[PDB]
file data_26.txt (compact mmCIF, C-alpha atoms)
# COMPACT_ATOMS: atom_id res chain seq x y z
CA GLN A 873 31.66 80.72 87.40
CA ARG A 874 28.54 78.93 88.63
CA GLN A 875 30.23 75.59 87.92
CA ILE A 876 33.51 76.63 89.55
CA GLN A 877 31.62 77.97 92.58
CA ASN A 878 29.89 74.60 92.86
CA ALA A 879 33.28 72.88 92.62
CA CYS A 880 34.76 75.14 95.31
CA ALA A 881 31.69 74.38 97.42
CA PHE A 882 32.24 70.65 96.83
CA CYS A 883 35.69 70.56 98.48
CA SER A 884 37.88 72.37 95.90
CA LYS A 885 38.42 72.48 92.15
CA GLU A 886 42.20 72.90 92.35
CA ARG A 887 42.64 69.69 94.36
CA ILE A 888 40.96 67.80 91.50
CA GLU A 889 43.53 67.99 88.67
CA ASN A 890 46.04 65.86 90.61
CA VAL A 891 43.63 62.90 90.73
CA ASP A 892 43.66 60.66 87.65
CA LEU A 893 40.47 59.61 85.84
CA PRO A 894 39.59 59.11 82.15
CA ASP A 895 38.35 62.29 80.49
CA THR A 896 35.49 60.56 78.66
CA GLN A 897 32.16 61.61 80.15
CA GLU A 898 30.49 58.27 79.41
CA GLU A 899 33.08 56.36 81.45
CA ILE A 900 32.69 58.79 84.34
CA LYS A 901 28.90 58.44 84.20
CA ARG A 902 29.26 54.65 84.26
CA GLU A 903 31.60 54.94 87.26
CA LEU A 904 29.11 57.22 89.01
CA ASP A 905 26.32 54.71 88.41
CA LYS A 906 28.59 51.92 89.69
CA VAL A 907 29.49 53.78 92.88
CA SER A 908 25.83 54.71 93.41
CA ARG A 909 24.87 51.03 93.10
CA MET A 910 27.57 49.91 95.54
CA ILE A 911 26.58 52.67 97.98
CA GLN A 912 23.02 51.36 97.74
CA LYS A 913 24.34 47.86 98.43
CA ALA A 914 26.24 49.09 101.49
CA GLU A 915 23.13 50.93 102.70
CA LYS A 916 20.90 47.87 102.30
CA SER A 917 23.50 45.75 104.10
CA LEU A 918 23.38 48.30 106.92
CA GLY A 919 19.62 48.66 106.44
CA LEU A 920 19.48 52.07 108.10
CA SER A 921 20.41 55.29 106.31
CA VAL B 250 25.06 29.40 96.93
CA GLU B 251 22.28 31.05 94.92
CA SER B 252 24.38 34.21 94.58
CA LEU B 253 27.19 32.10 93.11
CA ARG B 254 24.68 30.50 90.72
CA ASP B 255 23.39 33.94 89.69
CA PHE B 256 27.00 35.10 89.23
CA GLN B 257 27.51 32.15 86.89
CA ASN B 258 24.38 33.25 85.02
CA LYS B 259 25.79 36.79 84.87
CA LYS B 260 29.12 35.59 83.48
CA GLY B 261 27.22 33.57 80.88
CA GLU B 262 25.26 36.67 79.90
CA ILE B 263 28.52 38.64 79.66
CA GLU B 264 30.08 35.94 77.47
CA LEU B 265 26.95 36.04 75.30
CA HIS B 266 27.89 39.50 74.00
CA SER B 267 31.63 38.99 74.60
CA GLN B 268 32.26 35.64 72.89
CA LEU B 269 30.41 36.88 69.81
CA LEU B 270 30.89 40.33 68.29
CA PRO B 271 29.77 43.19 70.59
CA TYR B 272 26.14 43.71 69.62
CA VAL B 273 25.99 47.34 70.75
CA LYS B 274 29.24 48.18 68.97
CA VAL B 275 28.36 46.31 65.77
CA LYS B 276 24.94 47.97 65.60
CA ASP B 277 26.45 51.42 66.17
CA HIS B 278 29.11 50.75 63.52
CA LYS B 279 26.45 49.64 61.03
CA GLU B 280 24.35 52.75 61.71
CA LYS B 281 27.30 55.13 61.37
CA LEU B 282 28.45 53.35 58.20
CA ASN B 283 24.95 53.71 56.73
CA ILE B 284 24.73 57.42 57.53
CA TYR B 285 28.26 58.07 56.24
CA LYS B 286 27.52 56.17 53.02
CA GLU B 287 24.30 58.10 52.38
CA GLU B 288 26.08 61.40 53.10
CA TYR B 289 28.85 60.41 50.68
CA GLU B 290 26.28 59.49 48.03
CA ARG B 291 24.38 62.77 48.30
CA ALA B 292 27.64 64.75 48.34
CA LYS B 293 28.92 63.04 45.20
CA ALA B 294 25.55 63.52 43.48
CA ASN B 295 25.66 67.24 44.29
CA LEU B 296 29.26 67.42 43.07
CA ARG B 297 28.34 65.77 39.77
CA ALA B 298 25.36 68.11 39.37
CA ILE B 299 27.43 71.26 39.93
CA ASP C 86 25.87 29.03 58.29
CA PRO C 87 24.41 29.91 61.77
CA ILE C 88 21.25 32.07 61.74
CA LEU C 89 22.82 33.84 64.74
CA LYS C 90 25.50 35.74 62.82
CA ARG C 91 23.09 36.89 60.10
CA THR C 92 20.45 37.98 62.62
CA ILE C 93 23.04 39.84 64.71
CA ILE C 94 24.54 41.50 61.63
CA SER C 95 22.65 44.34 59.95
CA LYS C 96 21.94 44.26 56.23
CA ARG C 97 23.37 47.26 54.40
CA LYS C 98 20.32 47.67 52.13
CA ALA C 99 17.85 47.47 55.03
CA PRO C 100 17.70 51.28 55.60
CA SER C 101 15.38 53.13 53.22
CA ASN C 102 18.19 55.09 51.54
CA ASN C 103 18.52 57.16 54.74
CA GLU C 104 16.90 60.22 53.19
CA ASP C 105 18.03 63.47 54.82
CA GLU C 106 15.91 66.41 55.96
CA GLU C 107 13.90 68.18 53.23
CA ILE C 108 15.89 68.59 49.99
CA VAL C 109 18.96 70.49 51.25
CA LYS C 110 20.61 71.43 54.53
CA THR C 111 18.35 73.33 56.92
CA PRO C 112 18.91 77.11 57.10
CA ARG C 113 21.02 78.31 60.01
CA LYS C 114 21.70 81.69 61.56
CA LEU C 115 25.00 83.32 60.65
CA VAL C 116 26.21 82.90 64.25
CA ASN C 117 23.73 80.58 66.02
CA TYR C 118 26.17 79.70 68.79
CA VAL C 119 23.79 78.73 71.64
CA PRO C 120 26.48 77.36 74.00
CA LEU C 121 24.20 75.88 76.69
CA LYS C 122 25.98 72.63 77.69
CA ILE C 123 25.22 73.29 81.36
CA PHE C 124 25.37 69.54 82.08
CA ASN C 125 27.62 67.09 80.23
CA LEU C 126 26.36 63.56 80.98
CA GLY C 127 26.60 62.49 84.63
CA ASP C 128 23.55 63.99 86.38
CA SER C 129 21.71 61.19 88.29
CA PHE C 130 23.15 61.43 91.81
CA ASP C 131 23.08 64.95 93.24
CA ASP C 132 26.25 66.54 94.60
CA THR C 133 24.79 68.62 97.45
CA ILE C 134 23.38 65.65 99.38
CA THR C 135 26.69 63.79 99.23
CA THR C 136 28.39 67.10 100.08
CA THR C 137 26.44 67.17 103.33
CA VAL C 138 27.40 63.49 103.68
CA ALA C 139 31.11 64.31 103.34
CA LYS C 140 30.79 67.20 105.79
CA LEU C 141 29.17 64.81 108.27
CA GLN C 142 32.00 62.36 107.54
CA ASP C 143 34.71 64.82 108.52
CA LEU C 144 32.61 65.94 111.50
CA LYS C 145 32.26 62.35 112.75
CA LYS C 146 35.99 61.82 112.22
CA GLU C 147 36.64 64.89 114.38
CA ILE C 148 34.27 63.39 116.96
CA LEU C 149 36.24 60.12 116.77
CA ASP C 150 39.30 62.21 117.64
CA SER C 151 37.52 63.31 120.82
CA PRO C 152 37.58 60.72 123.64
CA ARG C 153 34.76 58.17 123.80
CA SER C 154 33.89 55.96 126.79
CA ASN C 155 36.27 55.31 129.75
CA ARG D 292 32.89 52.37 112.46
CA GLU D 293 30.76 50.62 109.84
CA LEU D 294 29.65 54.10 108.74
CA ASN D 295 33.30 55.12 108.37
CA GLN D 296 33.84 52.05 106.20
CA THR D 297 30.86 53.07 104.04
CA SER D 298 31.93 56.73 104.02
CA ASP D 299 35.29 55.79 102.53
CA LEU D 300 33.32 54.66 99.47
CA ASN D 301 31.05 57.70 99.80
CA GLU D 302 34.06 60.02 99.58
CA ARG D 303 35.31 57.94 96.66
CA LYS D 304 32.00 58.84 95.00
CA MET D 305 32.86 62.42 95.95
CA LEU D 306 36.17 62.06 94.12
CA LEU D 307 34.44 60.68 91.01
CA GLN D 308 31.64 63.28 90.92
CA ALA D 309 34.10 66.12 91.56
CA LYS D 310 36.26 64.85 88.69
CA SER D 311 33.15 64.88 86.51
CA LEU D 312 32.28 68.45 87.54
CA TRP D 313 35.85 69.64 86.96
CA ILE D 314 35.96 68.03 83.51
CA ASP D 315 32.65 69.73 82.72
CA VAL D 316 34.28 73.00 83.83
CA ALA D 317 37.25 72.27 81.55
CA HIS D 318 34.93 71.59 78.60
CA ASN D 319 33.09 74.85 79.25
CA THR D 320 36.37 76.77 79.48
CA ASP D 321 37.78 75.33 76.25
CA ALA D 322 34.51 76.00 74.42
CA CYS D 323 34.66 79.56 75.77
CA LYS D 324 38.23 79.81 74.46
CA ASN D 325 37.05 78.59 71.05
CA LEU D 326 34.30 81.22 71.09
CA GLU D 327 36.90 83.83 72.04
CA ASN D 328 39.07 82.78 69.09
CA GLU D 329 36.05 82.93 66.76
CA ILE D 330 35.05 86.40 67.97
CA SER D 331 38.69 87.52 67.69
CA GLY D 332 38.74 86.40 64.06
CA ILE D 333 35.42 88.12 63.41
CA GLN D 334 36.78 91.28 65.05
CA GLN D 335 39.86 91.06 62.83
CA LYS D 336 37.55 90.87 59.82
CA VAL D 337 35.65 93.87 61.21
CA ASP D 338 38.95 95.75 61.53
CA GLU D 339 39.76 94.88 57.92
CA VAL D 340 36.36 96.24 56.88
CA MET E 796 28.60 87.21 35.48
CA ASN E 797 32.36 87.12 36.06
CA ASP E 798 31.67 87.80 39.74
CA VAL E 799 28.96 85.14 39.92
CA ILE E 800 31.09 82.53 38.12
CA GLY E 801 33.99 83.19 40.48
CA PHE E 802 31.54 82.82 43.36
CA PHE E 803 30.23 79.53 41.97
CA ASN E 804 33.81 78.31 41.47
CA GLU E 805 34.61 78.98 45.12
CA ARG E 806 31.29 77.39 46.15
CA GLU E 807 32.06 74.22 44.18
CA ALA E 808 35.57 74.20 45.66
CA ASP E 809 33.99 74.27 49.12
CA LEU E 810 31.63 71.47 48.07
CA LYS E 811 34.62 69.46 46.83
CA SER E 812 36.35 69.97 50.18
CA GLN E 813 33.22 68.85 52.04
CA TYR E 814 32.97 65.78 49.80
CA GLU E 815 36.62 64.97 50.53
CA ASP E 816 35.91 65.32 54.25
CA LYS E 817 32.95 62.94 53.93
CA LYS E 818 35.15 60.46 52.05
CA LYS E 819 37.71 60.69 54.86
CA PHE E 820 34.94 60.08 57.40
CA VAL E 821 33.78 57.02 55.44
CA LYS E 822 37.35 55.69 55.28
CA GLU E 823 37.91 56.16 59.01
CA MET E 824 34.50 54.59 59.72
CA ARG E 825 36.01 51.33 58.46
CA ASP E 826 39.32 49.76 59.55
CA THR E 827 38.65 51.02 63.07
CA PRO E 828 40.45 49.69 66.16
CA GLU E 829 37.08 48.16 67.03
CA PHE E 830 37.05 46.57 63.58
CA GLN E 831 40.46 45.21 64.56
CA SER E 832 38.93 43.89 67.79
CA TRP E 833 36.52 42.00 65.53
CA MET E 834 37.43 38.83 63.57
CA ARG E 835 39.03 37.48 66.76
CA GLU E 836 35.82 37.54 68.75
CA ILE E 837 34.62 35.33 65.90
CA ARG E 838 37.70 33.15 66.50
CA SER E 839 36.92 32.97 70.22
CA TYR E 840 33.38 31.85 69.42
CA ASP E 841 34.76 29.34 66.90
CA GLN E 842 36.87 27.80 69.67
CA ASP E 843 33.53 26.78 71.24
CA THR E 844 31.09 26.11 68.39
CA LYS E 845 27.30 26.09 68.91
CA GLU E 846 25.75 23.47 71.26
CA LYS E 847 25.04 25.14 74.64
CA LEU E 848 26.34 28.47 73.35
CA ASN E 849 23.88 28.33 70.45
CA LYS E 850 21.00 27.68 72.87
CA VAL E 851 21.96 30.49 75.25
CA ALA E 852 22.46 32.80 72.26
CA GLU E 853 18.96 31.94 71.04
CA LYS E 854 17.63 32.72 74.51
CA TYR E 855 19.55 36.01 74.52
CA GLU E 856 18.08 36.88 71.11
CA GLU E 857 14.59 36.13 72.41
CA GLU E 858 15.23 38.35 75.44
CA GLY E 859 16.60 41.16 73.27
CA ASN E 860 13.75 41.19 70.76
CA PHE E 861 11.21 40.86 73.58
CA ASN E 862 12.85 43.81 75.35
CA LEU E 863 12.64 45.81 72.07
CA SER E 864 16.09 47.22 72.83
CA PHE E 865 19.71 46.40 72.04
CA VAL E 866 21.84 49.06 73.80
CA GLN E 867 19.91 50.41 76.78
CA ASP E 868 18.63 46.93 77.64
CA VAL E 869 22.12 45.40 77.48
CA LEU E 870 23.66 48.17 79.59
CA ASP E 871 20.83 47.95 82.12
CA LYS E 872 21.23 44.18 82.42
CA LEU E 873 25.00 44.57 82.82
CA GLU E 874 24.52 47.15 85.57
CA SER E 875 21.92 44.99 87.32
CA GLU E 876 24.10 41.87 87.24
CA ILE E 877 27.14 43.83 88.47
CA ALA E 878 25.09 45.24 91.35
CA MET E 879 23.86 41.71 92.09
CA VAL E 880 27.38 40.22 92.11
CA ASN E 881 28.63 43.08 94.29
CA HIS E 882 27.05 41.30 97.29
CA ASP E 883 28.41 37.79 96.73
CA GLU E 884 30.43 35.12 98.56
CA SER E 885 29.06 35.78 102.05
CA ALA E 886 30.46 33.14 104.44
CA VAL E 887 30.98 30.82 101.46
CA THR E 888 34.31 29.52 102.79
CA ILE E 889 32.54 26.86 104.89
CA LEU E 890 29.52 24.81 103.83
CA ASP E 891 30.22 21.24 104.95
CA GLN E 892 31.67 21.14 108.48
CA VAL E 893 28.76 23.25 109.73
CA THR E 894 26.39 20.56 108.45
CA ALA E 895 28.55 17.82 109.99
call {"tool": "encode", "arguments": {"input": "data_26.txt", "output": "structure tokens"}}
result
Amino acid sequence: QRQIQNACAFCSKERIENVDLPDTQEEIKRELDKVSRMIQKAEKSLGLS
Amino acid sequence: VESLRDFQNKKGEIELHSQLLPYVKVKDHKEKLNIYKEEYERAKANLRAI
Amino acid sequence: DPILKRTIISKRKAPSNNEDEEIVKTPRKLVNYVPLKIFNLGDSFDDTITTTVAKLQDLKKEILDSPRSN
Amino acid sequence: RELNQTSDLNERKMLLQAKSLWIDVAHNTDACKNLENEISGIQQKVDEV
Amino acid sequence: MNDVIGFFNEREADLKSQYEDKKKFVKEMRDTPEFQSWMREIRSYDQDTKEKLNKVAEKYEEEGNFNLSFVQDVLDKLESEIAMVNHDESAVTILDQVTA
């Protein structure tokens, strides 16, 4: 219930199942690292937070 | 220009593990094969003993 | 034969017989569940900071709905 | 407007991280179901005893 | 003793089942889909034998043994090069007429 409360705090858990993503946790972690890196690139292009 | 050159270097580095066998995957396969073989050996030794 | 393939490959007899723990399997409790697994990979980037970011995103979109200039 | 462009990718990172959290929730729920099945079998053995 | 011999019979049956499971694990460890992916990576390398590829492979081997890693180092380098190439081709459409 702590995890589901976090999910309902982070938008909603029930709106998640419709989106498609591989179930493997390693692939999702790699995607999270990739999006973090590209967010860092966008930030450094903007310069200011 | 230098970013294109570094991208060429990156694609060369990717081909390094891609053109040959995947080093990470081959090492993991060797390790798992070793552990499975040793487990099989100890299991068959125990079976023969019993 | 290229030294590359033999160096990349791993010799099967290289491990020292891969001896297991002690002589037999370690003793275990009759239940010994210990679920834990609070986090399953991921971690790294926090979710609360980007949650505030997304809240600010929808707030600034709502501001964009409000008139600006003119 | 540049921030909106960056925040599109930021909310994409939201989508990815929320998928990760929901899959973690799913793993926890299925492990809980497995534990429930195990305790149900143990309770059936207890009833037999 | 009849009880203990029945118990040892069931114990050795369980050991036989575990040994069969380990044999199945060994069998599935080989002939993997990744094993299928192999032997054609070798063919791809054989399309372009040695020469510059041998030199860059030697350099890669030196980097890998110097790094004292083979999985974390490779993944880190892949992530770094992807992040690098993310910001690429900035106003690269024109290089000559500006100089002219």
call {"tool": "interface_residues", "arguments": {"input": "data_26.txt", "of": "chain A", "to": "chain D", "cutoff": "7 Å", "atoms": "only C-alpha atoms", "output": "MDAnalysis selection string"}}
result
chainID A and resid 875:876 879 885 888 895 900 904 907 911 914
call {"tool": "residues_around", "arguments": {"input": "data_26.txt", "residues": "segment 839-851 of chain E", "least_positions_apart": "3", "cutoff": "6 Å", "atoms": "only C-alpha atoms", "output": "ChimeraX atom specification"}}
result
/B:268-269 /E:836,854
call {"tool": "atom_distance", "arguments": {"input": "data_26.txt", "atom1": "atom CA of residue 290 of chain B", "atom2": "atom CA of residue 102 of chain C"}}
result
9.9 Å
call {"tool": "atom_distance", "arguments": {"input": "data_26.txt", "atom1": "atom CA of residue 266 of chain B", "atom2": "atom CA of residue 88 of chain C"}}
result
15.8 Å
call {"tool": "residues_around", "arguments": {"input": "data_26.txt", "residues": "residue 287 of chain B", "least_positions_apart": "2", "cutoff": "8 Å", "atoms": "all atoms listed in the file", "output": "PyMOL selection string"}}
result
(chain B and resi 283-285+289-291) or (chain C and resi 102-104)
call {"tool": "interface_residues", "arguments": {"input": "data_26.txt", "of": "chain B", "to": "chain E", "cutoff": "7 Å", "atoms": "all atoms listed in the file", "output": "count of residues only"}}
result
17
